[PDB]
Structures are given as C-alpha cells and as structure tokens.
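Here we start with a single chain on its own, the form deposited in one PDB entry, put down as structure tokens.
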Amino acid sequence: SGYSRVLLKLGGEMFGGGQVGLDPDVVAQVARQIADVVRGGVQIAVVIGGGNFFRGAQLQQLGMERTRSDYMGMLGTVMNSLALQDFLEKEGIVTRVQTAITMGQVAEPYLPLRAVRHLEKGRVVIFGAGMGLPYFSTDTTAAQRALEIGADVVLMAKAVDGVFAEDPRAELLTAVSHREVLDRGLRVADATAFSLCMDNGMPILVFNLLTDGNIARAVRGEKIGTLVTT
C-alpha cells in the first residue's frame, strides 16, 4: 500500500558526483531509476539543487552576497533539470520542465495546475530555479512543490539510506513521527523545510537513491529508508 504521486528531491552535488558540473554517468543512473518509477505507474515530480556548479564556494567566502549566489544556484538548478530531462527522454520517458522564474524560451512557467495535468499523463515534471527566492533551500522548495502538486510524500535522496538515531561516532530508523524528529533532536532536513512539512503533515522519506532499485520499492510502500510521519 504505497504512494500515488511523490516529489523527489536530489541535491545538486549528486549530478557532478564530485566534481564540478555534470557527470553524465550519475545522471544516467538517476534517469533510469526515475523511469522505473514511471513504469511502476507512479507520478513523480523532481526538484534538483544547484551546488555542482561552483567549486566551492568560494564565491561567498570571497565577496558574493547570499542573494546573488542563490540566483547563481537557481540558474544551476535549471541546467541540472535540462540535462536530466534529456537523459529521461532517451529513456523513453516524456518529461517537462517548469521554472520558478519564467525563462520563456528555455522551459515552461511554474503553473502547478498544468504540472498536475502533466503528471496525470505519465509525464515527469521537473521543477527548476527553486522558488525563485533567495534564502530558501532546495529542501524548502521540495516541501512547497510537494504541497502545491498534492504529493503523498517528499522523497529525500541522501547518501545515508535513512536517519540514524543519534550520530554514529547505531541503527537507522524505519519510521518516526514529526514531533519525535524535532523533539530531541534529529536532523532530516533544513528546519524551515521541516516546519512547512510538519505544519501540513507532509511525510518525508529519507533514502539512498543510487542503491539500484530503491525508489521503485519505496514508492510501492515497501519499508526502505526512514519514513517521517504523524
């Protein structure tokens, strides 16, 4: 008894897989995994970060205002999205990109009602350029997009396949509540992103995506990673 639609959050750093820019192998793994989800019947939107595109940084510890570096990140996210679109399309998966800041020529504008329409036709929707606002993390973009599209859950792709009870200098939980996560003293996401989720009862699912087969199992409701709930 799993999920009908989900929002998947990838960090920008993932796409470069250390180092800077795009490792087209990594992005291939991800497209392939996202396809398994589509074919499994489930509807998926993706929110990607933009970290892979500066050293770094470097830019900030080095002069740049947060405001400007956030806009650079947003532009990064949109490069990430177009690359992913392309790998998904060669995978047979029809994909659309909507950008928070409207970039007429490059992609579609952010219109959640049209996005839902896309999902309902078995298209992946990718959400680029965050929320178009400095001071919000990708996590927070993820939470809010999951809400707008009415996602059943926000799938958080980490490198750790769950959430450890206490730092291991230890077993990772399978399922904890929102209050438990906050109430001494864990860290699933950025606090702001977590607040949005908590105040709206959005389930978060922390898991490793690059472990082949994870996401298709996750979306079947198959107890992988750590499910935050209430």
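Numbers for residues come from their place in the sequence shown, where the first is 1. Rigid core (definition): largest C-alpha set, two forms, superposition within 1.5 Å.
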Count class of coordinate-free deposited residues lying between the neighbours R169 and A170: 4 to 9
Per the PDB entry, mean CA B-factor is higher for 91 to 99 or 155 to 163, namely for 155 to 163
Would you determine, from the values in the PDB entry, which of 67 to 75 and 120 to 128 has the greater average C-alpha temperature factor? 67 to 75
Per the deposited entry, the peak Cα B-factor within the set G201, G56, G40, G49 goes to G56
Return the residue from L196, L205, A45, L182 that has the highest Cα B-factor in the entry. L182
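Omitted here: the form deposited in another entry. The next part is about that form.
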Looking between this form and the one not shown after fitting on the rigid core, I'd like to know which of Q29, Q60, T192, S177 has a C-alpha displacement of 2 Å or more. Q60
Which way does the C-alpha gap of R55 and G11 go in that other deposited form, closer or farther, given it changes by 3 angstroms or more? closer
Knowing the shift is 3 Å or more, I'd like to know if the C-alpha atoms of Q58 and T138 are closer or farther apart in that other deposited form than in the shown chain. closer
